[PDB]
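**Q** Have a look at this one before I ask anything.
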Protein chains: 2
Amino acid sequence: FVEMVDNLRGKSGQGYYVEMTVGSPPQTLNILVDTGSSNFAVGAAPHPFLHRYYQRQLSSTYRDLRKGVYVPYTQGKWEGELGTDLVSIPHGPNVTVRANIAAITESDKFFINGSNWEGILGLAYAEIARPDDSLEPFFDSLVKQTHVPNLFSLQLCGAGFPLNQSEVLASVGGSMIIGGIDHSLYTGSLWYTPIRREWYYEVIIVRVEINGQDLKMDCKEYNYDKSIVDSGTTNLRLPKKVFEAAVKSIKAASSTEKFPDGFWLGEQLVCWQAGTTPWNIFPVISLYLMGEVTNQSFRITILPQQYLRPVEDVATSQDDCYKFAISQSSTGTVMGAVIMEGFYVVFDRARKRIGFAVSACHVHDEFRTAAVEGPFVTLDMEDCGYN
Amino acid sequence: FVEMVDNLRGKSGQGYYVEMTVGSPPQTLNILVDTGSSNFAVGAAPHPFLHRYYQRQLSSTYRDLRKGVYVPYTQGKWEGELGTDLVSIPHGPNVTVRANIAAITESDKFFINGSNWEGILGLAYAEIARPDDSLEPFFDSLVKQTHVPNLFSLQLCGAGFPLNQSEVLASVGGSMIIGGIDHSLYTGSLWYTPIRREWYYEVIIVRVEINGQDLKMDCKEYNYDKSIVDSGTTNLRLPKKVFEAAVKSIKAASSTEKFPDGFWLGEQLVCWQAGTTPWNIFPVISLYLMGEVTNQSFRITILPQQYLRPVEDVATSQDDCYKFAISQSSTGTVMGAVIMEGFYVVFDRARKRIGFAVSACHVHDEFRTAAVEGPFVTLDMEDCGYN
Ligand SMILES: CCCCN(CCCC)C(=O)n1cc(C(=O)N[C@@H](Cc2ccccc2)[C@H](O)CNCc2cccc(OC)c2)c2ccccc21
Ligand SMILES: CCCCN(CCCC)C(=O)n1cc(C(=O)N[C@@H](Cc2ccccc2)[C@H](O)CNCc2cccc(OC)c2)c2ccccc21
């Protein structure tokens, strides 16, 4: 799938996007890849943060569905006007699809200045599409209309350091492989966890460790009220009780150096003299995921190089600065971009499962690496899902 | 080397021993395998803790050297009379060696009640032999007088639970392979560290981690005043300053449970309800060793299953009990039997190097194993050796 390798750009703090064309003649637009939603939507009117937008009047193939749409996310919201049009992915499969598009006319805290994207590709299922599940999501339209296999995979590549505006524009941010799996994008074995339900890409976490030490909570707490894989969110997000336990444990493991509460709240930077970030004092985090095989599970292990998010030192120093990229959630677990950056993630819709492998572009040091390991057969399991 | 596999019995707390015969006709004795000394010595007079001893007057091949010898160890001492005799290892190479033998006539806190051994095989070099370096150690005599390659390897197998008298006699304690390497005794790769100087089996430790966290001391402190591989000592022994830093870090990592001072002093047991030992709260310990290749190193990693030594309860019960098998040293680092139990150790005298690989018989759990891993290149390791 060489043609699709390196087709993504961006970073965890602002999102990863793919180039698309909409309309006739083709209007080129950069589109955020979002596994956490199901609407395909584009800026359709001038906006301070957009350098371009969808011009419906200029497309001969535009079809007006004569219907409004409102989409509130956990963060940000927009409203628009529904329609269909011809859509392609220049560095995806050689196909053109007629797909639903929400033309965004109003928005609040949705578009991000300097992110270089103008729309969003919701890759999850119809169940969570707005206004309702009759609005067929882009990926469903793609599979139905073409011969593309019903799956995709994502390699999100974090740099491990801050990238400026021109650097983000000039670098490869990863790969979206539409209709397949590329073996150059990972190392070792691909382990699969079942998609619990086809709405979000929902999964079940059966155990959590901090440096090998069991959080020791009822596994239901890890999936309260769901656990999702979500490329349109920066952080790992955890239910209140899990978050407090994880933070307490991470503070304890890294207790040789003390940090502001603002840091653990994910808002304040911590900085170290150039090169001196003490990675070794911060623990690894293992999330155990339900296996395909009964009574079986595997684990994914992430480093502080994943959960400490590199940010710019704007001061007159050469310091290396980071934000704590774990946050509290009131809507269940969210495995956001900083986690996905550790792994090659296969969204095997056909077989209703999600694959994880160590990413060929994950950030690490010579002492530790991210890992995907199994099987584990002694885990108290079965009822870890929430109802 | 099928004939030599499973030729050891014993336990870390009392020592691992091999069967030998001395004299003509052969007198069968059990002999402690000791990489930490260089004198071959046997009980040669009645002692409360010996069920058998060397009777020189019944050996037609006995030669009396008319010279006394006194050997003080870190713990225990003995005095005896020097001579030579024919020696064999029934479950070793098919050879007969004429070797020096100290006939022990007086001892103090050396022989161990219920250990089932009656002498000691010092496997280290002449430099540390008593009365002096002209008393050729057994292994040297073996190599000189036979075609046996100048190499031996040890797999010490800890049970992971306590062994009563009956069990330890009926249980296999591991393997001493004389003249080679058995590939069935380890998994993964064998990694080699240089023998710094042929006296003890002296090595150089460049870095110490507790759960991936650097102890952060100058590497000289790890090797003050030497670091040795020593099967004739139960515990990992550490220089005062390293021991204090290690214990503080082990305490911190395991702080969810609190233990008496006497536990950390290695003096008193801690007990848990049967099967509930919380392995996961205790950290792993990695020791990085100097590689053969310049500015390159590797690491060996042990579990609490190695550094917590299983012991019988003082008030017999079904509880699982352990002592902390790490002690303070004033004579440098000692990699004792509890460390060696994690690994297949190759004493490659011919190439002046020691090989480590994960032991096929090491105690672990479903979540963690002992490891031998490398290479590592970012480590500053210049004056790590002490002079
Ligand atoms: C790409 C990373 C950019 C950084 N960013 C935005 C800026 C924050 C200052 C950020 O990290 N966050 C992005 C969040 C978020 O809500 N993202 C949604 C998509 C999106 C992408 C880009 C911008 C806005 C939104 C996603 O679809 C929700 N999935 C579950 C869901 C929930 C409800 C309805 C629904 O369906 C209609 C699906 C978010 C949440 C909490 C904290 C930080 C968050
Ligand atoms: C299998 C161990 C059973 C338990 N045991 C004994 C009972 C403790 C109360 C125990 O753990 N310890 C055994 C120690 C020890 O000194 N062992 C020597 C051999 C031996 C085997 C069996 C019995 C006694 C002795 C070894 O040769 C020293 N090497 C360096 C060295 C030093 C000096 C001279 C020298 O050469 C002339 C070599 C020891 C030391 C400190 C703590 C615990 C120790």
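**Q** Under 5 Å between amide H atoms, partner at least 5 residues away or on a different chain: which partners does residue B:8 have, H built in plane at 1.01 Å?
**A** Amide H neighbours of residue B:8: B:173, B:174, B:175, B:176.
**Q** Can you compute 3J(HN,Hα) from phi for each residue in region A:177-188, using the Karplus curve 6.51 cos²θ - 1.76 cosθ + 1.60 with θ = phi - 60°, rounded to whole Hz and x for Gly and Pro?
**A** 9, 8, x, x, 10, 10, 5, 6, 8, 8, 10, x
**Q** Which of the chymotrypsin sites (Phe, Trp or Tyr not before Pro) found in region A:1-81 are in a DSSP loop and have at most 15 neighbouring Cβ atoms, other than their own, within 10 Å?
**A** Loop-located and lightly packed - A:49.
**Q** Follow-up. Compute the angle between helix B:240-253 and the longest alpha-carbon principal axis of chain B, please, reported from 0 to 90 degrees and rounded to the nearest 10.
**A** 50 degrees
**Q** Not counting the cut sites, what is the longest span of chain A without GluC sites (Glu not before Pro) that DSSP labels loop and that have at most 16 other Cβ atoms within 10 Å?
**A** Result, exposed sites excluded: A:1-256.
**Q** Any idea what Rg and Dmax come out to for the protein assembly as shown if you just take the C-alpha atoms, in Å?
**A** 32.6, 114
**Q** Still on this model: In whole angstrom, how long is each semi-axis of the equivalent ellipsoid of region B:225-300, when you take the square root of 5 times every eigenvalue of its Cα gyration tensor and sort them from largest down?
**A** Semi-axis lengths for region B:225-300 are 28, 16, 13 Å.
**Q** Output needed: percent of Cα pairs per 5 Å distance bin for region A:1-85, bins running from 0 to the one holding the longest distance.
**A** 3, 11, 20, 25, 22, 12, 6, 1, 0
**Q** How big is the Rg/Rh ratio for region A:264-387, C-alpha atoms only, Rh by Kirkwood, two decimals?
**A** Result for region A:264-387 is an Rg/Rh of 1.03.
**Q** If each residue of separation counts as 0.36 nm, what is the full-extension length gain between residue A:113 and residue A:150 once their alpha-carbon separation is subtracted?
**A** Gain on extension, residue A:113 to residue A:150, equals 10.0 nm.
**Q** Determine the relative contact order of region B:149-387: mean sequence separation of Cα pairs under 8 Å and six or more apart, normalised by residue count, in whole percent.
**A** 33 percent
**Q** Which semi-axis lengths, in whole Å and largest first, follow from the square roots of five times the eigenvalues of the Cα gyration tensor of region A:117-171?
**A** Three semi-axes, in Å: 31, 15, 10.
**Q** Among residues other than residue B:21 whose Cβ falls under 15 Å from its Cβ, what is the net charge (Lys/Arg +1, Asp/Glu -1)?
**A** Summing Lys and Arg as +1 and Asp and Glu as -1 gives 0.
**Q** Quick check: residue separation of residue B:2 and residue B:66 times 0.36 nm, minus the Cα distance between them. What number comes out in nm?
**A** Difference between extended and current length: 19.0 nm.
**Q** Which whole-number percent of Cα pairs in region B:118-248 have a distance greater than 25 Å?
**A** 44 percent
**Q** Related question: Roughly speaking, what % of Cα-Cα pairs in region A:16-148 are separated by over 23 Å, rounded to a whole number?
**A** More than 23 Å apart: 23 percent of the Cα pairs in region A:16-148.
**Q** Need one word for region B:71-126: rounded, prolate or oblate. Basis is the Cα gyration tensor (sqrt eigenvalues a ≥ b ≥ c); a/c below 1.5 gives rounded, then a/b vs b/c decides.
**A** Because a/c hits 1.5 or more and a/b exceeds b/c, region B:71-126 counts as prolate.
**Q** If each of residue A:314 and residue B:257 carries a label point 7 Å out from its Cα toward its Cβ, how far apart are those two points in nm?
**A** 4.9 nm
**Q** Let me ask something else about it. Name the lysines eligible as straight-distance cross-link partners of residue B:352: C-alpha to C-alpha under 23 Å, and not fewer than 8 places from it in the same chain.
**A** B:144, B:220, B:226
**Q** Between B:119, B:158, B:262, find the one with the highest GNM mean-square fluctuation for chain B; connect C-alpha pairs within less than 10 Å.
**A** Highest fluctuation among the options: B:262.
**Q** Over region A:149-387, what number does the Rg to Rh ratio reach, with both radii from the alpha-carbon atoms and Rh per Kirkwood?
**A** In region A:149-387, Rg relative to Rh is 0.95.
**Q** What longest region of chain A stays clear of trypsin sites (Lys or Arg not before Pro) that DSSP places outside H, G, I, E and B and that have at most 11 other Cβ atoms within 10 Å?
**A** By the stated rule (loop sites, at most 11 other Cβ atoms within 10 Å), A:110-257.
Reconstructed Cβ throughout: ideal geometry from the backbone, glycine too, with neighbour counts over all protein chains shown. Read-outs: derived from the displayed coordinates by stated rules, not from any lab.
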